[PDB]
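Protein chains in written order, with PDB author numbering: chain A, 54 to 105; chain B, 54 to 105; chain C, 106 to 365; chain D, 210 to 261; chain E, 158 to 261; chain F, 314 to 365; chain G, 210 to 261; chain H, 3 to 53.
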């Protein structure tokens, strides 16, 4: 925050501080929540024709 | 506040004290609550043209 | 300021405010001597008395409370008198019962316009902890937005309002019967010369600090006592009162030793 | 007859001590909650009561 | 003590006890007593005994500024003392553990 | 902390303070206030001894 | 599904030593102020209950 | 220019307000105020069955 100092009516005009604005930076990670699977292509038709 | 006191319905007409009124007087102070910032004109146009 | 732009008007108004306040204070306590402190008013403390002994050992309206125990009031203190016990609920019930055993109205619904005056540190700090002791459930819906931490309160006692004011003597609870507590004023208006020197405007009273001064029937002589002197107005604002307590054992009933 | 329903019109007589300082705490200790709205304005401290 | 021994707007608090305020401290000053309901009443009467409006409904627009460590942590448990029961029904669906509150 | 600012009728001076210095702009933001208290006994009442 | 409103129609089967000697005193503790009015003419001492 | 506006000549327009708040509640007077009786006789006489 920019601190406020104050002065008299006709006193000096010294400065007072400002507030820092930081550039916050994240990134979608280079990583995944992945889940992969290999079905036997045989199983796909077989189970399609056989699953109860 | 004025004191009351009392007479005796035929007693003398002596007068009592009155309630005082004082003049309260503050003043909008000769001081300020200032905040001033040295903003370089260099970092106005630069910050404008490059501001994310 | 308009207050200084009319000092005579504000002198009158301040005299009226302090006149009403003085009448209130003396009606609470005025021994009855016709001097600048008591004004001859007999108030309540001179009507009933102050102590339990003072309820006897005295006289009011000529009738001597000594020879006439019925003319006394019901001033009752605590376990040991003049020591400020804690104002239990048993205490107010006991005084209303000693008011009942006197054949005197002891409930607000008995058609005699009772009232109770407390030092106002009693209505707010003795009757507020009380009524937390006569009930077990001061209900509040928890989801109340307007959760008043100390709500507006009237605190009746057997239908007797406990209106309080801070000019009442402390540690006391005057149970008054307003139907036997007239204020009497001597109206000598018709015995005053026709010159417009005397105006007789009525005393004003507020029951709260936020309400219109509510002109009463009590008239106050506003008479200029100006001389031949041309440079002075010299106004006077006077009133004379007696506080009659008809049926002293019915009008005033005092609880004498309250802890606060 | 031992109730008010029994058509014989009972009554109880107390010294006005028992009515006002033995039956009031008693009722306080028989019911477990004397319901008062805490924001109730005209909260009679000793309301009219018949104590049947 | 600072209520007297001061001045304000040119009117001396020493020579004009009406010009003082109604500051009041603990049984021993400067020791932060617990804020019982009694001392709030004591102030609010000391406000009354000074001819000053004290109830909120007195045509005067009062307000009470507070540290917010008192409204939430001192009034909230003080209200639990001034009342006997907070009377929320059990089968209420939306039971707020800390509901919106004004603490008048 | 979650509502629109609702500007007050208190005017705070944004003085365009600056110098001959062309590179530097140097605004100033100052206001002077008095907190007059009419009827000091009526205006402020304090309960100074709170516990928390 | 664990709540009863999850469109799945749960139920609890107890031995009636639970619905009456366990769930009843338990409910006496999950909620205080069971709050029947003391002047109720028919004070059912084990009222018909469901105990979800 | 301090001197050229001396305090003897600076009459500032005061705000038209008087802090006239003093204890005026007189409910003791308030009750038993509309029932004030204005006699034309000084004495207040009545009977009291003492016994």
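By construction, the Cβ of each residue, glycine as well, lies at the ideal position given by its N, Cα and C atoms.
Per-residue contacts from residue i into chain B (C-beta, under 8 Å)
i: residue 108 of chain C; result: 74
i: residue 349 of chain F; result: 79
i: residue 338 of chain F; result: 91, 92, 93, 94, 97
i: residue 346 of chain F; result: 81, 82, 86
i: residue 20 of chain H; result: 74
i: residue 61 of chain A; result: 83, 84, 85
Where residue i meets chain B, residues with beta-carbon distance less than 7 Å
i: residue 166 of chain E; result: 77, 78, 79
i: residue 54 of chain A; result: Within 7 Å Cβ-Cβ: nothing; residue 54 of chain A doesn't reach chain B, min ~10 Å.
i: residue 342 of chain F; result: 87, 88, 89
Cross-strand partners of residue i (DSSP beta bridge)
i: residue 87 of chain B; result: F:343
i: residue 307 of chain C; result: C:324
i: residue 278 of chain C; result: C:223, C:360
i: residue 60 of chain A; result: B:85
i: residue 79 of chain B; result: Answer is none; residue 79 of chain B lacks a bridge partner.
i: residue 329 of chain C; result: C:340
i: residue 348 of chain C; result: C:288
Supposed close pair residue i, residue j - CB separation, criterion 8 Å
i: residue 311 of chain C; j: residue 268 of chain C; result: Contact flag wrong, Cβ pair sits at about 13 Å.
i: residue 184 of chain C; j: residue 165 of chain C; result: About 27 Å; that fails the 8 Å criterion.
i: residue 179 of chain C; j: residue 207 of chain C; result: 6 Å
i: residue 215 of chain E; j: residue 315 of chain C; result: 3 Å
i: residue 66 of chain A; j: residue 330 of chain F; result: 6 Å
i: residue 133 of chain C; j: residue 30 of chain H; result: 6 Å
i: residue 356 of chain C; j: residue 282 of chain C; result: 5 Å
i: residue 50 of chain H; j: residue 176 of chain C; result: 7 Å
i: residue 232 of chain C; j: residue 260 of chain C; result: 5 Å
i: residue 100 of chain B; j: residue 347 of chain F; result: With a Cβ gap of about 38 Å, residue 100 of chain B and residue 347 of chain F do not count as contacting.
Contact list for residue i against chain E, beta-carbon separation under 8 Å
i: residue 378 of chain C; result: Since the first residue of chain C shown is 106 and the last is 365, residue 378 of chain C is not available in this structure.
i: residue 17 of chain H; result: None at all; the shortest Cβ gap to chain E is about 11 Å.
i: residue 252 of chain C; result: 236, 258, 259, 260, 261
i: residue 33 of chain H; result: Neighbours of residue 33 of chain H on chain E: none; closest Cβ ~17 Å, over 8 Å.
Span of the alpha helix (DSSP H), counted from its first residue to its last, around residue i
i: residue 236 of chain G; result: 232-239
i: residue 31 of chain H; result: 29-32
i: residue 97 of chain A; result: 94-101
i: residue 157 of chain C; result: 157-160
Start-to-end residues for the beta strand (DSSP E) that takes in residue i
i: residue 121 of chain C; result: Residue 121 of chain C -> not in any beta strand (DSSP E); alpha helix (DSSP H) instead, spanning 112-133.
i: residue 288 of chain C; result: 288-291
i: residue 38 of chain H; result: 38-41
Proximal chain F residues relative to residue i, where beta-carbon distance stays under 8 Å
i: residue 175 of chain E; result: 354
i: residue 196 of chain E; result: 360, 362
Amino acids of chain A, ordered along the chain, whose beta-carbon sits closer than 9 Å to that of residue i
i: residue 330 of chain F; result: 66
Amino acids of chain H, ordered along the chain, whose beta-carbon sits closer than 9 Å to that of residue i
i: residue 147 of chain C; result: Here the premise fails: no neighbours, minimum Cβ distance about 10 Å.
Under 7 Å by beta carbon: chain C residues contacting residue i
i: residue 255 of chain E; result: Per Cβ cutoff of 7 Å: no residues; residue 255 of chain E is ~10 Å from chain C at best.
i: residue 232 of chain E; result: 254
Per-residue contacts from residue i into chain D (C-beta, under 8 Å)
i: residue 205 of chain C; result: 225
Contact list for residue i against chain G, beta-carbon separation under 7 Å
i: residue 240 of chain D; result: 247
Partner residues on chain C for residue i, Cβ-Cβ distance less than 9 Å
i: residue 40 of chain H; result: 289, 290, 291, 292, 294, 322, 323, 324
Within chain H, the residues that residue i reaches when beta carbons sit closer than 7 Å
i: residue 208 of chain E; result: 23, 24, 25, 26
Residue i: CB within 7 Å of a non-hydrogen atom of the ligand SAH
i: residue 222 of chain G; result: By its list of ligands, the structure shown contains no ligand whatsoever, and the ligand SAH lies outside what it can speak to.
Within chain F, the residues that residue i reaches when beta carbons sit closer than 7 Å
i: residue 215 of chain E; result: Those within 7 Å of residue 215 of chain E in chain F number zero; the least Cβ separation is about 11 Å.
Listed by chain order, chain H residues near residue i by CB distance under 8 Å
i: residue 128 of chain C; result: 28, 31
What are the uninterrupted segments assigned as alpha helix (DSSP H) that are 4 or more residues long and contained completely in the region 192-216 of chain E, given in chain order?
194-206
What are the start and end residues of each continuous beta strand (DSSP E) run of 3 or more residues lying completely inside the region 242-270 of chain C, in chain order?
242-244
Minimum length 4: unbroken alpha helix (DSSP H) runs contained in the region 142-189 of chain C:
Segments of the alpha helix (DSSP H) lying fully in the region 142-189 of chain C: 157-160.
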